[PDB]
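First, one chain by itself in structure tokens, the form deposited in one PDB entry.
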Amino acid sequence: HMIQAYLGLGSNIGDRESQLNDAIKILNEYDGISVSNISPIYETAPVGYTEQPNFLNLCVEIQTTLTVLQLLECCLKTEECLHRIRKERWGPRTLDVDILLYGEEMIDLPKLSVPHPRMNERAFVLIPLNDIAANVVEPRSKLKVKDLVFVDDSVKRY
């Protein structure tokens, strides 16, 4: 049985587009993950610590037989494959793979929260997410993505 999940990908170091492309390929090659939809890529001003490089961000849909914890392990392993050495959450990274949605399920473990608890105020997530998942309901707000998305001029088509 397959679970439909959504991942948020980001990169702000080096050849960002190549790193995101390779990440998608790696994710698709794991047993138990198939990438089923890919959003457009956006160039986005860094949010939070603003004095670091501009990001590329996108979202992907996957179909998965993995548990949410196994999925998290795969996401983290993919960052390691793309040589993410920096671990400062506020700082730059070659690759970030975030679990945005895991079916309509919700979990808030000390170190795994899904739906991603910050997604609803991030245009660098909601814009590419709305591109592929406009009618998907975000379980915490009980709103469809298209009803959460908002205009943000710092998010540009790449």
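Shifts are known only where both forms have a C-alpha. In this text, the rigid core denotes the largest set of C-alpha atoms whose superposition between the two forms falls within 1.5 Å. So that there is no doubt, residue numbering starts at 1 and follows the sequence shown.
Omitted from view is the form deposited in another entry, to which the following refers.
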Problem - Threshold 2 Å Cα movement between this form and the one not shown for residue 86, core superposed - result: yes
Handout entry: in the other form, shift in Cα separation for residue 122 relative to residue 91, 3 Å or more
Key = farther
Problem - Direction of C-alpha distance change in the other form, residue 127 to residue 89 (at least 3 Å) - result: farther
Completion exercise
Note: conformational shift between this form and the one not shown, core-aligned, Cα at least 2 Å, runs of three or more in sequence order, located at 84 to 93
